[PDB]
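Report on the following structure.
For neighbour counting, all protein chains shown are included, and Cβ atoms are generated from backbone atoms with ideal geometry for every residue, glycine included. Derivation of every value follows stated rules applied to the coordinates shown; laboratory data play no part.
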Amino acid sequence: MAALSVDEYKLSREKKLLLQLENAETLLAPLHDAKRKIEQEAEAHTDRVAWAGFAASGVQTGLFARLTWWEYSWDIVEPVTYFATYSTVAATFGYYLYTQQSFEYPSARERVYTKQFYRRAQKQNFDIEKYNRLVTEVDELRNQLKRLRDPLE
Amino acid sequence: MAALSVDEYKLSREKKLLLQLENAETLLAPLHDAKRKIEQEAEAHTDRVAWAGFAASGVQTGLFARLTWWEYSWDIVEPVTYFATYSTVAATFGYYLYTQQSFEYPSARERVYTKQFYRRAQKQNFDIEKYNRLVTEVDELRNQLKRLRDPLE
Amino acid sequence: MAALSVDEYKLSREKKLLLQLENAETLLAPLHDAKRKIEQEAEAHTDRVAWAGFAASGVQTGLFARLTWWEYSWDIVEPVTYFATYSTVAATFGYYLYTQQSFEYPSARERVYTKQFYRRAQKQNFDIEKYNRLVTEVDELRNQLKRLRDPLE
Amino acid sequence: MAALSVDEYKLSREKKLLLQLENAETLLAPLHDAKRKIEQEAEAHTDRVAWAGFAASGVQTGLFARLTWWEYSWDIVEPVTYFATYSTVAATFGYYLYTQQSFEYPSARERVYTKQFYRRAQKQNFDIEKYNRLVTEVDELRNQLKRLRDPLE
Amino acid sequence: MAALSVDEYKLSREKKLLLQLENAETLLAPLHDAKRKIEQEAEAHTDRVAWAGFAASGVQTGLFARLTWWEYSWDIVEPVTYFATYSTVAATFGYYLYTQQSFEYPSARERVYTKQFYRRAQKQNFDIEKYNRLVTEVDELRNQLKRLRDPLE
């Protein structure tokens, strides 16, 4: 009585409460809030949108070339700007990557020793996780109807 | 004389109506009605697409430069509109921001102490809120069949 | 001299029919054909898609200036097409407003009492309408289940 | 004992089978096979992407024009490729009409308004048909509870 | 125990496990679990957006042509970036076939018996498949109700 818990040693100690508890674990909004806090080292998304950063950096050498072209023709304007438009379509790929960005972020090393683990960082949630995971709560009502079918009369 | 409700009342002690009331809260009509009351904030969104307004403002004075060195070649026209095209792709980013724009301000003043009654800026959605929350009505389904599974033997 | 409905055809076997009818009302196919007609009368918001026409039409007169100063250089082509690329995104904004454009009419003119309120019968239809309304047919499953829960044999 | 199962009460005949048969029709797998049969005539969609086919056809004759007036100055390159990008945005619209195309697909075969009428027939499916139609199989569970709710359970 | 299942239970033998087994086939996380583990080999799509790879290869050599006719004018630069941009809109189509590729790959080289598979391909499934397939688990829920419904009434 001094110890007290919910797991181990049972005798129909309110079965209805345990099924209600299983539903709360499936929603796991608490853990989703912990991913939002990570705002500091969160640049793990920016580095994938930075793929476009190397494309525009190449022209920096090209600006010296307009100064040289004073014998070719000179008329060659717009090079820094056409490369900049190519970067904006790169912004468009990002519509898909939104939730998934958490999957590539951890190293999943574990080989050379270990440390923390109570953080995971492989969910984020705002839509993909919310729809698949909560309809899966349906899978729990499929277990309860299963036993109703064996007795009747 | 009615039809949407047979007789006065009988097979309804108090409990069935309360559960029906939980479904009305899940749909979220009140909070959706609140979006109609402040509707004028639709300009709060046009202030985020204005990020693009500073990009075109840089060259606008640049027209004066063509007048200044008219002898180099002149064939250097086209600069003000091509920066305007960079703004046109910015209109495309907007597919993300409609339902999400309400999340932008809390992520600078989220708090937890007292707060505005019990709300959480859960406005602006017209689709993400409607589908996810309604399947949660199936969560309530799981509470009623669990009691039936215990008797019948 | 009746026989279609007066006696026997509704002795005490109408409650089962009432649940079958409630699911049928949510499905609504007769009324859905009336919603489809709005796509013709949708000419209201097409004035906001026509924004694309005035942009490209205004500049055609600018090209005439190339004919007046034909000696400056001439190499200045392409201006009518860059405004046209801006028109190409206008097709891109379209998929979003497509079902939703109906949202403007329910607002009703300044005259309360009777205006197809709650039932709407004038809102959107092509894909947001079927998904929301039929999963609600499942919410009726939650109502029959509760009266089913009171029993115990 | 020598039979179909151990017992399961011999009183099925066809009714248990008939509800199971309704679920198989609902998934949509043979009607989907019908989409495979017309795969050679599925080029019917190109007629709607051809709305843009007129945009690229304008300048196509223009290539002959740079060669004829080569004396003015020259330096007018790049016209054909930017018009080609305008055709690619038309490819982006293609996600709206893709599953729906079954409505426009008949053509050059209509007079008495009606056509086909071989049990509606959508003769197309890859995502919109599959999602809506199967949550409707859940509507059929709404019928099974209605009979259980009339006795005890 | 070195025999029988993991752990037994009262009023069970194999029938309770068999209904759970139908649910396990619908879930079949295995192949979906394999997609996160092999993420590096996910280049199975990078060969589909390559359809456009032949478009940019044409002008790449074209730079040499500016050197051959160096007296025409020279102001003919800029061809390579707009053709490269034509490939990025090809990335935009990429959102349609992206998970679906799983259906096409089997219909090309089979003869399975190994384990490592030198073919280097497998079923993706984690968004179009996960949402529809899982609610189908609710279809088995419709089967339980049929059998408790027939004995009483």
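Per-structure values
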quantity: Distance between modelled label sites at A:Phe126 and D:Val112, nm, 7 Å Cα→Cβ extension; calculated: 5.5
quantity: Principal-axis tilt of helix B:79-93 within chain B, Cα atoms, nearest 10 degrees; calculated: 10
quantity: Which listed pairs, of B:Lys35/D:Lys146; C:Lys130/D:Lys35; D:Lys15/E:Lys35; A:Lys123/B:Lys115, have C-alpha distances above 32 Å, in listed order; calculated: B:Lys35/D:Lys146; D:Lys15/E:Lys35
quantity: Rg(Cα)/(2.2 N^0.38 Å) for the range A:57-135, N = residue count; calculated: 2.00
quantity: About the Cα centre, charge dipole magnitude for the protein assembly as shown (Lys/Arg +1, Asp/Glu -1 at Cβ), debye; calculated: 3080
quantity: At 7 Å out from Cα toward Cβ: E:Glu41 inter-copy label distances (nm, ascending); calculated: 3.0, 4.1, 4.9, 5.8
quantity: Exercise: per-residue mean of other protein chain Cβ atoms within 10 Å, A:106-114; calculated: 0
quantity: Volume in Å³ per residue [convex hull over Cα atoms, computed for the range B:96-135]; calculated: 89
quantity: 0 to 90° range, to nearest 10: angle between helix D:15-27 axis and chain D longest Cα axis; calculated: 10
quantity: Burial ranking of peptide ranges B:137-150, A:6-19 (average Cβ count within 10 Å, highest at the top); calculated: B:137-150, A:6-19
quantity: Computed label-point distance, nm, for sites B:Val6 and C:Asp150 using a 7 Å Cα→Cβ extension; calculated: 1.3
quantity: Over chain A - Rg/Rh using Cα atoms and the Kirkwood inverse-distance radius; calculated: 1.27
quantity: Net charge of Cβ neighbours under 10 Å - reference C:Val138; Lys, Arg +1; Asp, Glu -1; calculated: -3
quantity: Per-residue mean of C-beta atoms belonging to partner chains within 10 Å, peptide B:92-100; calculated: 4
quantity: Given charges at Cβ of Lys, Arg, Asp, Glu: the range C:21-149 dipole, positive-most of C:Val49, C:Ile128, C:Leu148; calculated: C:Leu148
quantity: Descending semi-axes in Å of the protein assembly as shown, equivalent ellipsoid built from Cα gyration tensor; calculated: 58, 33, 28
quantity: Loop-located chymotrypsin sites (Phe, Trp or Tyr not before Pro) in the range D:46-130 whose Cβ has at most 13 other Cβ within 10 Å (DSSP); calculated: D:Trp51, D:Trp69, D:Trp70, D:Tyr72, D:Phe103, D:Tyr113, D:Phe117, D:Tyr118
quantity: Per-residue mean of C-beta atoms belonging to partner chains within 10 Å, peptide A:121-132; calculated: 3
quantity: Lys/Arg +1, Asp/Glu -1 at C-beta; the range A:26-153 dipole; positive extreme among A:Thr99, A:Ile76, A:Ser87; calculated: A:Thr99
quantity: Alpha-carbon spread of the range B:43-94, three principal axes, descending order, Å; calculated: 46, 16, 10
quantity: Unit charges on C-beta of K, R, D, E only; dipole of the range A:6-70, Debye; calculated: 200
quantity: Nearest-20 debye value, the range B:22-153 charge dipole, Cβ charges on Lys, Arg, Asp, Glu; calculated: 540
